[PDB]
$ cat upload08.cif   # mmCIF, C-alpha atoms and all ligand atoms
data_work
loop_
_atom_site.label_atom_id
_atom_site.label_comp_id
_atom_site.auth_asym_id
_atom_site.auth_seq_id
_atom_site.Cartn_x
_atom_site.Cartn_y
_atom_site.Cartn_z
CA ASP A 43 4.43 9.54 -24.96
CA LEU A 44 4.12 8.15 -21.42
CA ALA A 45 3.80 4.50 -22.43
CA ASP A 46 7.13 4.66 -24.29
CA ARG A 47 8.79 6.07 -21.17
CA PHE A 48 7.28 3.36 -18.94
CA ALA A 49 8.39 0.65 -21.41
CA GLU A 50 11.93 2.10 -21.37
CA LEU A 51 11.94 1.79 -17.56
CA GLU A 52 10.81 -1.84 -17.83
CA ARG A 53 13.80 -2.61 -20.06
CA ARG A 54 16.19 -0.62 -17.79
CA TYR A 55 15.19 -2.43 -14.61
CA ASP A 56 14.29 -5.82 -16.23
CA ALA A 57 10.89 -5.25 -14.67
CA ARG A 58 7.17 -5.34 -15.23
CA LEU A 59 5.67 -1.95 -14.22
CA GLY A 60 2.02 -1.06 -13.61
CA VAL A 61 0.77 2.50 -13.16
CA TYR A 62 -2.65 4.07 -12.64
CA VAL A 63 -3.74 7.64 -11.91
CA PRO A 64 -7.60 8.04 -11.93
CA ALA A 65 -9.19 10.68 -14.17
CA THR A 66 -9.73 14.12 -12.57
CA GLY A 67 -11.45 17.38 -13.57
CA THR A 68 -9.08 17.96 -16.49
CA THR A 69 -6.93 14.86 -16.88
CA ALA A 70 -7.83 11.45 -18.28
CA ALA A 71 -6.66 8.36 -16.38
CA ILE A 72 -2.98 7.53 -16.77
CA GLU A 73 -2.76 3.78 -17.27
CA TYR A 74 0.06 1.32 -17.98
CA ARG A 75 -0.61 -2.38 -17.36
CA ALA A 76 -3.19 -0.93 -14.94
CA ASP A 77 -5.51 -3.96 -15.07
CA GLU A 78 -2.74 -6.55 -14.70
CA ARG A 79 -2.47 -8.27 -11.31
CA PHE A 80 0.47 -7.44 -9.03
CA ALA A 81 1.14 -8.70 -5.46
CA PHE A 82 -0.29 -6.36 -2.74
CA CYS A 83 2.79 -6.82 -0.58
CA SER A 84 2.42 -4.46 2.39
CA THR A 85 0.18 -1.98 0.49
CA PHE A 86 -2.92 -3.77 1.88
CA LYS A 87 -2.20 -2.24 5.32
CA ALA A 88 -3.67 1.14 4.29
CA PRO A 89 -7.15 -0.25 3.48
CA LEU A 90 -6.77 -2.64 6.47
CA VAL A 91 -6.44 0.33 8.86
CA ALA A 92 -9.49 1.90 7.13
CA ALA A 93 -11.47 -1.36 7.71
CA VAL A 94 -10.56 -1.39 11.42
CA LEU A 95 -11.44 2.32 11.85
CA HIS A 96 -14.73 1.87 9.98
CA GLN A 97 -15.72 -1.23 12.01
CA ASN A 98 -15.35 0.26 15.47
CA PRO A 99 -16.03 3.34 17.57
CA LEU A 100 -13.04 5.60 18.05
CA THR A 101 -12.47 4.72 21.66
CA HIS A 102 -11.44 1.31 20.15
CA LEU A 103 -8.08 2.87 19.26
CA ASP A 104 -7.40 2.74 23.01
CA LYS A 105 -7.88 -1.05 23.42
CA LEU A 106 -4.63 -2.77 24.51
CA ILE A 107 -3.61 -5.84 22.43
CA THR A 108 -1.12 -8.33 23.83
CA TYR A 109 1.07 -10.68 21.80
CA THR A 110 4.05 -13.03 22.26
CA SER A 111 7.26 -14.40 20.72
CA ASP A 112 5.50 -16.62 18.20
CA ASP A 113 3.55 -13.62 16.80
CA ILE A 114 6.77 -12.09 15.47
CA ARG A 115 7.18 -13.71 12.03
CA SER A 116 7.94 -10.80 9.69
CA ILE A 117 9.71 -7.40 9.56
CA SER A 118 8.19 -5.66 12.59
CA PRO A 119 10.31 -2.63 13.69
CA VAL A 120 7.85 -1.38 16.33
CA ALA A 121 6.04 -4.54 17.54
CA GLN A 122 9.37 -6.08 18.54
CA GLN A 123 10.03 -3.10 20.91
CA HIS A 124 6.66 -3.35 22.72
CA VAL A 125 6.13 -7.09 23.08
CA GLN A 126 6.54 -6.88 26.88
CA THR A 127 3.73 -4.29 27.26
CA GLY A 128 1.41 -4.94 24.33
CA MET A 129 0.23 -2.23 21.94
CA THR A 130 -3.07 -0.38 21.59
CA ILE A 131 -5.07 -0.64 18.33
CA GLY A 132 -4.07 3.01 17.67
CA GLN A 133 -0.36 2.12 18.10
CA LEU A 134 -0.84 -0.88 15.84
CA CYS A 135 -2.43 1.22 13.07
CA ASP A 136 0.42 3.75 13.42
CA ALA A 137 3.08 1.00 13.13
CA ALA A 138 1.32 -0.86 10.26
CA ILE A 139 1.18 2.26 8.10
CA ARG A 140 4.26 4.28 9.14
CA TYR A 141 6.78 1.46 9.64
CA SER A 142 4.97 -1.24 7.68
CA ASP A 143 5.09 -3.42 10.81
CA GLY A 144 4.08 -6.95 9.78
CA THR A 145 3.10 -8.14 13.23
CA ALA A 146 0.92 -5.04 13.70
CA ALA A 147 -0.86 -5.82 10.41
CA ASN A 148 -1.35 -9.44 11.44
CA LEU A 149 -2.86 -8.34 14.78
CA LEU A 150 -5.15 -5.85 12.98
CA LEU A 151 -6.36 -8.63 10.66
CA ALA A 152 -7.09 -10.77 13.76
CA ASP A 153 -8.96 -7.78 15.28
CA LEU A 154 -11.16 -7.58 12.16
CA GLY A 155 -11.69 -11.32 12.74
CA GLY A 156 -13.57 -14.07 10.91
CA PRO A 157 -12.21 -16.85 8.61
CA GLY A 158 -8.68 -16.84 7.22
CA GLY A 159 -7.41 -14.86 10.23
CA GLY A 160 -9.26 -11.73 9.06
CA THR A 161 -8.28 -12.00 5.35
CA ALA A 162 -11.87 -12.79 4.31
CA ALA A 163 -13.28 -9.78 6.24
CA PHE A 164 -10.49 -7.61 4.76
CA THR A 165 -11.54 -8.71 1.26
CA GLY A 166 -15.18 -8.08 2.23
CA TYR A 167 -14.22 -4.51 3.15
CA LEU A 168 -12.78 -4.00 -0.37
CA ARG A 169 -15.92 -5.49 -1.97
CA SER A 170 -18.01 -2.91 -0.03
CA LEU A 171 -15.98 -0.18 -1.78
CA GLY A 172 -16.83 -1.70 -5.18
CA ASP A 173 -13.46 -3.45 -5.60
CA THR A 174 -14.35 -6.84 -7.14
CA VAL A 175 -10.71 -7.39 -8.27
CA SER A 176 -8.41 -7.49 -5.20
CA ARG A 177 -8.00 -10.45 -2.87
CA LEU A 178 -6.11 -11.14 0.32
CA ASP A 179 -5.69 -14.82 1.08
CA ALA A 180 -2.77 -15.03 3.54
CA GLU A 181 -1.13 -12.92 6.22
CA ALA A 182 2.55 -11.92 6.56
CA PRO A 183 5.07 -13.30 5.60
CA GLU A 184 3.09 -15.55 3.18
CA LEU A 185 1.30 -12.81 1.20
CA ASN A 186 4.58 -11.42 -0.29
CA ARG A 187 5.66 -14.86 -1.57
CA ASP A 188 3.21 -16.04 -4.15
CA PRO A 189 4.94 -17.04 -7.41
CA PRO A 190 4.91 -14.42 -10.21
CA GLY A 191 1.55 -14.63 -12.00
CA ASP A 192 -0.23 -16.30 -9.05
CA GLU A 193 -3.52 -14.49 -8.27
CA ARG A 194 -3.40 -15.01 -4.47
CA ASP A 195 -2.84 -11.76 -2.51
CA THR A 196 -3.03 -9.55 -5.63
CA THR A 197 -4.65 -6.29 -6.69
CA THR A 198 -4.26 -4.15 -9.84
CA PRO A 199 -2.95 -0.57 -10.07
CA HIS A 200 -6.47 0.39 -11.29
CA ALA A 201 -8.34 -1.31 -8.40
CA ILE A 202 -6.12 -0.12 -5.56
CA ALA A 203 -6.00 3.46 -6.84
CA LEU A 204 -9.84 3.54 -6.86
CA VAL A 205 -9.89 2.10 -3.33
CA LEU A 206 -7.40 4.69 -2.03
CA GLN A 207 -9.35 7.45 -3.81
CA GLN A 208 -12.54 6.53 -1.93
CA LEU A 209 -10.71 6.25 1.41
CA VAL A 210 -8.77 9.53 1.30
CA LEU A 211 -10.67 11.72 -1.18
CA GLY A 212 -14.14 10.16 -1.08
CA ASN A 213 -16.71 9.37 1.58
CA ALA A 214 -15.89 5.75 2.46
CA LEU A 215 -14.89 6.89 5.96
CA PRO A 216 -16.43 9.56 8.20
CA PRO A 217 -14.26 12.72 8.27
CA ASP A 218 -12.76 11.94 11.71
CA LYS A 219 -11.58 8.45 10.67
CA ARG A 220 -10.56 9.66 7.20
CA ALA A 221 -8.28 12.24 8.87
CA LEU A 222 -6.63 9.55 11.07
CA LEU A 223 -5.81 7.42 8.00
CA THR A 224 -4.66 10.47 5.98
CA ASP A 225 -2.35 11.60 8.82
CA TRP A 226 -0.70 8.20 9.29
CA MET A 227 0.02 7.94 5.57
CA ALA A 228 1.27 11.60 5.63
CA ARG A 229 3.78 10.60 8.32
CA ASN A 230 4.95 7.39 6.61
CA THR A 231 8.67 6.76 7.06
CA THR A 232 9.19 4.08 4.38
CA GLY A 233 8.43 5.99 1.17
CA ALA A 234 11.16 8.62 0.72
CA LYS A 235 12.73 6.93 -2.34
CA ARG A 236 9.55 6.02 -4.26
CA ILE A 237 6.60 8.24 -5.31
CA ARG A 238 7.81 11.05 -2.98
CA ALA A 239 11.19 11.15 -4.82
CA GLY A 240 9.41 11.79 -8.14
CA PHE A 241 7.31 14.78 -7.10
CA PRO A 242 8.66 18.29 -6.41
CA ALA A 243 9.00 19.38 -2.79
CA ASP A 244 6.03 21.78 -2.96
CA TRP A 245 3.65 18.88 -3.71
CA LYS A 246 2.21 17.17 -0.62
CA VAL A 247 2.62 13.36 -0.66
CA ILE A 248 0.97 10.69 1.53
CA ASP A 249 1.71 7.01 0.83
CA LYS A 250 1.98 3.33 1.76
CA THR A 251 4.74 1.15 0.27
CA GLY A 252 5.14 -2.59 -0.28
CA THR A 253 8.15 -4.83 -0.96
CA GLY A 254 8.38 -8.59 -1.65
CA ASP A 255 10.31 -11.45 -3.23
CA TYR A 256 10.81 -11.61 -7.04
CA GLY A 257 11.86 -7.94 -7.01
CA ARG A 258 8.42 -6.70 -5.90
CA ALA A 259 8.22 -2.96 -5.06
CA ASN A 260 4.94 -0.97 -4.86
CA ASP A 261 3.84 2.43 -3.65
CA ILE A 262 0.30 3.85 -3.45
CA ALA A 263 -0.05 7.60 -2.85
CA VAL A 264 -2.34 10.59 -2.83
CA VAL A 265 -0.55 13.71 -3.92
CA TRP A 266 -1.67 17.34 -3.89
CA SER A 267 -0.40 20.08 -6.19
CA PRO A 268 0.84 23.36 -4.67
CA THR A 269 -2.74 24.68 -5.30
CA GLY A 270 -4.41 21.75 -3.53
CA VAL A 271 -5.47 19.66 -6.55
CA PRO A 272 -5.29 15.98 -5.54
CA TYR A 273 -4.28 12.97 -7.65
CA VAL A 274 -4.08 9.29 -6.67
CA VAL A 275 -0.93 7.50 -7.89
CA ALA A 276 -0.52 3.70 -7.84
CA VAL A 277 2.77 2.23 -8.97
CA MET A 278 3.45 -1.51 -8.81
CA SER A 279 6.43 -3.54 -10.04
CA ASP A 280 8.09 -6.96 -10.05
CA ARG A 281 11.22 -8.50 -11.56
CA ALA A 282 10.34 -12.17 -12.08
CA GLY A 283 13.21 -12.42 -14.51
CA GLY A 284 15.68 -12.56 -11.58
CA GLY A 285 13.74 -15.24 -9.70
CA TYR A 286 12.85 -15.28 -6.00
CA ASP A 287 15.90 -13.33 -4.87
CA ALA A 288 15.62 -10.56 -7.51
CA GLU A 289 16.29 -7.24 -5.73
CA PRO A 290 13.39 -4.75 -5.52
CA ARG A 291 14.35 -1.53 -7.32
CA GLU A 292 13.03 1.65 -5.64
CA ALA A 293 14.51 3.82 -8.33
CA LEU A 294 12.10 2.31 -10.88
CA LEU A 295 9.16 3.70 -8.87
CA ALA A 296 10.90 7.07 -8.38
CA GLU A 297 11.45 7.36 -12.15
CA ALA A 298 7.87 6.26 -12.99
CA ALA A 299 6.64 8.85 -10.49
CA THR A 300 8.87 11.54 -12.05
CA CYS A 301 7.28 10.70 -15.41
CA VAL A 302 3.78 11.07 -13.95
CA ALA A 303 4.73 14.31 -12.12
CA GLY A 304 5.95 15.74 -15.47
CA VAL A 305 2.50 15.19 -16.99
CA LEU A 306 0.59 16.49 -13.95
CA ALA A 307 2.68 19.65 -13.24
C1 LIG B 401 5.54 -5.50 3.30
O1 LIG B 401 5.59 -5.14 1.90
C2 LIG B 401 6.63 -5.79 4.03
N1 LIG B 401 7.54 -6.52 3.15
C3 LIG B 401 8.23 -7.52 3.66
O2 LIG B 401 8.15 -7.87 4.85
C4 LIG B 401 9.12 -8.28 2.70
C5 LIG B 401 10.31 -7.76 2.20
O3 LIG B 401 10.70 -6.52 2.60
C6 LIG B 401 12.13 -6.40 2.85
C7 LIG B 401 11.08 -8.54 1.32
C8 LIG B 401 10.65 -9.81 0.94
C9 LIG B 401 9.45 -10.32 1.44
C10 LIG B 401 8.69 -9.55 2.33
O4 LIG B 401 7.49 -9.99 2.85
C11 LIG B 401 7.57 -11.27 3.54
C12 LIG B 401 7.11 -4.51 4.74
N2 LIG B 401 6.83 -3.29 3.95
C13 LIG B 401 8.01 -2.98 3.12
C14 LIG B 401 7.72 -1.65 2.44
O5 LIG B 401 6.87 -0.93 2.99
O6 LIG B 401 8.32 -1.37 1.39
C15 LIG B 401 9.24 -2.94 4.09
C16 LIG B 401 9.30 -1.65 4.92
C17 LIG B 401 10.56 -3.14 3.37
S1 LIG B 401 8.87 -4.39 5.16
#
$ encode --input "upload08.cif" --output "structure tokens" --more "lines below"
Ligand SMILES: *C(=O)[C@@H](NC(=O)c1c(OC)cccc1OC)[C@@H]1N[C@@H](C(=O)O)C(C)(C)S1
Amino acid sequence: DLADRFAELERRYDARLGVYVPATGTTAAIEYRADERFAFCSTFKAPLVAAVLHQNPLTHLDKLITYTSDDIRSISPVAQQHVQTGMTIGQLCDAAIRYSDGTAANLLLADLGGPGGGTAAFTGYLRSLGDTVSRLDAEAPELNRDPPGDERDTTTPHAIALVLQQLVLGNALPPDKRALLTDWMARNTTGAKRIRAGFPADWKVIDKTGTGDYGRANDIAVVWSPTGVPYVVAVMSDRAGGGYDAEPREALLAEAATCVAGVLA
């Protein structure tokens, strides 16, 4: 039984684990704490890029955005390298997804615009996809820091899986924009030790990770079987029991993903 295995992992890693895989043609939903709230951490950047693509014509990807020293406030591997030239919206989407660049995500939120530095418009985008659960209230670094249990900047494995399903598998985006989002997540560099590690090499995996304080580690993916059957996999975790400086444990997500892969193979 899956739930027993997930509970064993919780004890092993002194963690709380949430998992959701939506029902398909022949499988019921897989769900473990799937309606409990977990911090978004950086996972919000995937639907953020979808919001920015949806909102604008494609030539918008070519708009140059400039920024300065005081815009660099969070882990930002790419944005730090280009501060002297600026970055296009396309480059910022690339960096936000593939390197989880925090400054890029902040600039993309500002591009969306409106109250709360774009957080309200981001939430509005989720509402338009039928997600009445998730909320973004702050930008980086603040959004990764809410105390355990706090509802600010949270989603649920259930809600975010259904969002990602509509973005990648459904018709939320036109095919040209859908393909851009799909490709960036396909080329993600931060996810090798999470959902990807739990699925065999002949399964295709696209994903977006998140990491925070209190041992927070998430990964949201779309996976395809070797025969092209897709499944959406949302895994979220925290380790409140070690306090603010509890280490995130990637291996917990790899093992949860291995357990899901075993059921889906
Ligand atoms: C978003 O989840 C980002 N996370 C952070 O910047 C972060 C930590 O990451 C080391 C640790 C504690 C707090 C925060 O947020 C202030 C970026 N995305 C993650 C990820 O994709 O797993 C990175 C690549 C580790 S940074």
$ residues_around --input "upload08.cif" --residues "segment 148-151 of chain A" --least-positions-apart "3" --cutoff "10 Å" --atoms "only C-alpha atoms" --output "number ranges by chain"
A: 87, 90-91, 93-94, 107-109, 113-116, 129, 131, 134-135, 138, 143-145, 154-156, 158-164, 180-183
$ residues_around --input "upload08.cif" --residues "residue 184 of chain A" --least-positions-apart "4" --cutoff "12 Å" --atoms "all atoms listed in the file" --output "PyMOL selection string"
chain A and resi 81-84+115-116+144+148+178-180+188-189+194-195+254-255
$ atom_distance --input "upload08.cif" --atom1 "atom CA of residue 62 of chain A" --atom2 "atom CA of residue 268 of chain A"
21.2 Å
$ residues_around --input "upload08.cif" --residues "segment 208-225 of chain A" --least-positions-apart "3" --cutoff "10 Å" --atoms "all atoms listed in the file" --output "ChimeraX atom specification"
/A:88-89,91-96,99-100,132,135-136,139-140,170-172,202-205,228-230,248-249,263-264,272-274
$ closest_residue --input "upload08.cif" --among "A:128, A:290, A:285, A:60" --to "ligand LIG 401 (chain B)" --atoms "all atoms listed in the file"
A:290
$ closest_residue --input "upload08.cif" --among "A:242, A:59, A:106, A:79" --to "residue 193 of chain A" --atoms "all atoms listed in the file"
A:79
$ closest_residue --input "upload08.cif" --among "A:133, A:142, A:253, A:207" --to "residue 173 of chain A" --atoms "all atoms listed in the file"
A:207
$ closest_residue --input "upload08.cif" --among "A:86, A:125, A:281, A:299" --to "ligand LIG 401 (chain B)" --atoms "all atoms listed in the file"
A:86
$ atom_distance --input "upload08.cif" --atom1 "atom CA of residue 127 of chain A" --atom2 "atom CA of residue 103 of chain A"
16.0 Å
$ closest_residue --input "upload08.cif" --among "A:305, A:137, A:234, A:65" --to "residue 122 of chain A" --atoms "only C-alpha atoms"
A:137
$ atom_distance --input "upload08.cif" --atom1 "atom CA of residue 192 of chain A" --atom2 "atom CA of residue 177 of chain A"
11.5 Å
$ closest_atom_pairs --input "upload08.cif" --of "segment 229-288 of chain A" --to "segment 47-58 of chain A" --cutoff "7 Å" --atoms "all atoms listed in the file" --output "tab-separated table"
residue	atom	partner	partner_atom	distance
A:279	CA	A:58	CA	5.5
A:280	CA	A:58	CA	5.5
A:281	CA	A:57	CA	4.5
A:283	CA	A:56	CA	6.9
$ closest_residue --input "upload08.cif" --among "A:201, A:237, A:206, A:71" --to "ligand LIG 401 (chain B)" --atoms "all atoms listed in the file"
A:237
$ residues_near_point --input "upload08.cif" --point "(-8.2, -3.4, -13.3)" --cutoff "8 Å" --atoms "only C-alpha atoms" --output "number ranges by chain"
A: 76-79, 175, 198-201
